[PDB]
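Step one of this worksheet: look at the structure below.
One-based numbering along the sequence shown. Computed from heavy atoms alone, side chains included, the values below leave out hydrogens, waters and symmetry copies.
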Amino acid sequence: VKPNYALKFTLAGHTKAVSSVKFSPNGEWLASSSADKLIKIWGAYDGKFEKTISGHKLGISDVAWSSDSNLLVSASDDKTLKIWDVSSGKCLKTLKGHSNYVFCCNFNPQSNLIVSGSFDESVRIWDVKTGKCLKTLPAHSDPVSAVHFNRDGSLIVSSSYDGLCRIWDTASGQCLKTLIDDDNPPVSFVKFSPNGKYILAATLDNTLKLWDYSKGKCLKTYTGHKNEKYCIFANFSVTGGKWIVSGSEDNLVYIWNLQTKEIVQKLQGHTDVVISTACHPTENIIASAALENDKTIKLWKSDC
Ligand SMILES: CNC(=O)c1cc(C2(C#N)CCC2)cc(NS(=O)(=O)c2cc(Br)cc(Cl)c2O)c1O
């Protein structure tokens with residue numbers, strides 16, 4: 001059993017490399033971020049450009065939605081994060097604290113906290129309402145490539161080019177776990193699984209791994225794509241068949257069977273590295289974004 005994603009819309013607007021695409025939790029919007037210093041908002045179902053959100057002084061590496069789809073947080077080379085009210089476009093807060101480029105960000109499920117990761121080798125935890133830094137974790141020995149909260153917000157997972165995934169207690173800041181698999185390629189992405197039991201991690205040796213982080217066991221690996229250089233997120237597709245989705249440096253989107261780890265589809269059409277993908281929360285829709293030789297975002301839809 002396999003999906004049949006087919007191309008429905010191609011989106012263009014950004015003038016430099018895209019770094020991230022994310023669907024809003026309410027299904028209405030796609031947000032994208034770029035080295036052009038802009039966030040762009042697009043209609044999730046028809047790909048219609050909605051608006052630009054501007055204010056960062058340098059390129060943006062990541063953007064993330066709050067649980068209620070009302071806010072965005074962005075992470076920039078200008079060493080700030082910004083919290084935005086999406087409907088008005090207003091910058092509610094600028095989060096200053098990191099000493100180098102901010103590379104990743106996420107709200108907790110309650111969307112009262114933000115976690116960030118930086119080239120400064122730290123993870124920071126911020127209060128959304130006040131915009132102030134609550135905690136700084138001396139997390140890694142190289143840039144932090146991803147940060148994500150678990151289901152109830154009590155844990156943070158971080159990944160780094162130092163080759164480590166680490167699990168942090170949100171309240172105490174203690175490093176609870178370090179995951180590594182008898183080799184330490186750089187880790188370019190990590191996130192908790194939909195049910196909260198696993199973490200999915202991308203390493204720059206062309207490999208995705210699904211870990212039981214409590215037991216410290218790698219349960220699945222997904223291979224066949226190309227990923228030796230860029231920060232390419234990976235997704236869980238939860239609306240139809242249980243798939244793992246990722247971009248790839250051979251210009252394709254890869255889709256794997258969660259359980260069997262076989263490739264079930266490859267989506268062709270981009271002319272450069274597929275730097276980012278996202279999966280829609282209710283419909284079988286994938287968004288993909290390619291690097292600057294291509295400069296498009298594509299929306300693909302499947303019947304299953
Ligand atoms: C019928 N199989 C399952 O139900 C199932 C199997 C697995 C495993 C396997 N094989 C154990 C090691 C991966 C993990 C989960 N949970 S998951 O990773 O969080 C998850 C991933 C996706 Br894609 C979608 C959803 Cl909805 C989801 O929950 C499962 O749900």
For the side chain of [X] and the backbone of [Y], is there at least one donor-acceptor N/O pair under 3.5 Å apart?
{"X": "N100", "Y": "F119", "answer": "no"}
{"X": "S111", "Y": "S67", "answer": "yes"}
{"X": "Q110", "Y": "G153", "answer": "no"}
{"X": "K22", "Y": "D62", "answer": "no"}
{"X": "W211", "Y": "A201", "answer": "no"}
{"X": "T170", "Y": "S154", "answer": "yes"}
{"X": "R166", "Y": "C175", "answer": "no"}
{"X": "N26", "Y": "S69", "answer": "no"}
{"X": "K298", "Y": "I286", "answer": "no"}
{"X": "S61", "Y": "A75", "answer": "no"}

Just to verify, what does [X] make a side chain to side chain donor-acceptor pair (under 3.5 Å) with, not counting sequence neighbours?
{"X": "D162", "result": "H140, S160"}
{"X": "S237", "result": "none"}
{"X": "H148", "result": "none"}
{"X": "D303", "result": "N4"}

Can you find a heavy atom in the side chain of [X] that is under 4.5 Å from one in the side chain of [Y]?
{"X": "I125", "Y": "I156", "value": "yes"}
{"X": "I263", "Y": "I255", "value": "no"}
{"X": "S145", "Y": "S159", "value": "yes"}
{"X": "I285", "Y": "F23", "value": "yes"}
{"X": "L95", "Y": "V102", "value": "no"}
{"X": "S246", "Y": "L208", "value": "yes"}

Worksheet entry | Co-members of the apolar cluster containing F233 [side chain, <4.5 Å] |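 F233 clusters with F189.
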
Discussion item. Connecting only ILVMFWY residues whose side-chain heavy atoms lie within less than 4.5 Å of each other, what is the rest of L291's hydrophobic cluster?
Written reply: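 Its cluster partners, ordered by chain and number, are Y230, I232, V273, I275.
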
Worksheet item: Are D77 and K37 within salt-bridge range, i.e. N to O under 4.0 Å?
Response: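 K37 and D77: not salt-bridged.
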
Discussion item. Looking at every non-hydrogen atom in both residues, tell me the closest pair between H98 and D120 and how far apart they are.
Written reply: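 Looks like ND1-OD2, 2.9 Å.
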
Discussion item. Could you check whether atom CD of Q259 has more than 12 heavy atoms from other residues, nucleotides or ligands sitting under 6.0 Å from it?
Written reply: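 Above 12, so yes.
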
Worksheet item: Which residues satisfy the side-chain contact (heavy atoms from CB on, under 4.5 Å) test with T260, sequence neighbours excluded?
Response: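 Result, side-chain contact (heavy atoms from CB on, under 4.5 Å) vs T260: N257, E262.
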
Fill in: Non-neighbouring partners of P194 that pass side-chain contact (heavy atoms from CB on, under 4.5 Å), sequence neighbours left out
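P194: side-chain contact (heavy atoms from CB on, under 4.5 Å) contacts with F236, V238.
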
Worksheet entry | Test log, rule side chain to side chain contact (heavy atoms under 4.5 Å, CB included), inputs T223 and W256 | CA-CA 9 Å; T223 53; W256 293 264; 5.6 Å; no

Item to complete: Would you please name every residue forming a salt bridge (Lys or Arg N to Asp or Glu O under 4.0 Å) with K135, sequence neighbours left out?
Response: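 Expected list: none.
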
Fill in: Those residues that, when tested against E228, pass salt bridge (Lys or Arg N to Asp or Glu O under 4.0 Å) (two or more places apart)
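If we apply the salt bridge (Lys or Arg N to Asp or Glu O under 4.0 Å) test to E228, skipping adjacent residues, the hits are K226.
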
Discussion item. For residues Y101 and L81: do they belong to one hydrophobic cluster (side chain heavy atoms under 4.5 Å, members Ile, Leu, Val, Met, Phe, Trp, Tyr)?
Written reply: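 No, separate clusters.
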
Practice prompt. Determine whether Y161 and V187 fall in the same hydrophobic cluster, where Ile, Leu, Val, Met, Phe, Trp and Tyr are linked whenever their side-chain heavy atoms lie under 4.5 Å apart.
Written response: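 No, it is not one cluster - the side chains of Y161 and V187 are not joined through contacts under 4.5 Å.
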
Discussion item. By the definition side-chain hydrogen bond (donor to acceptor under 3.5 Å, both in side chains), identify the one residue from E283, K301, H280 that meets it with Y45.
Written reply: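 It is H280; the other options fail the test.
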
Discussion item. For the CG atom of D85 and the OG atom of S66, what is their distance to the nearest 0.5 Å?
Written reply: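 If we round to the nearest 0.5 Å, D85:CG and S66:OG are 9.0 Å apart.
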
Practice prompt. First locate atom CG of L72, then atom SG of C91, and finally report the distance between them rounded to the nearest 0.5 Å.
Written response: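 SG of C91 is found 11.5 Å from CG of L72.
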
Fill in: salt bridge (charged side-chain N to carboxylate O under 4.0 Å, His left out) contacts touching residues 142-159 (sequence neighbours left out)
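Pairs touching residues 142-159 that pass the test: none.
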
Worksheet entry | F49 and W42 aromatic ring geometry - parallel, tilted or perpendicular at 30°/60° bounds |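 Ring orientation of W42 relative to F49: perpendicular.
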
Practice prompt. With sequence neighbours excluded, give me every ring pair (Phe, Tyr, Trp, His ring centres under 6.0 Å) pair touching residues 283-304.
Written response: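 Found none.
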
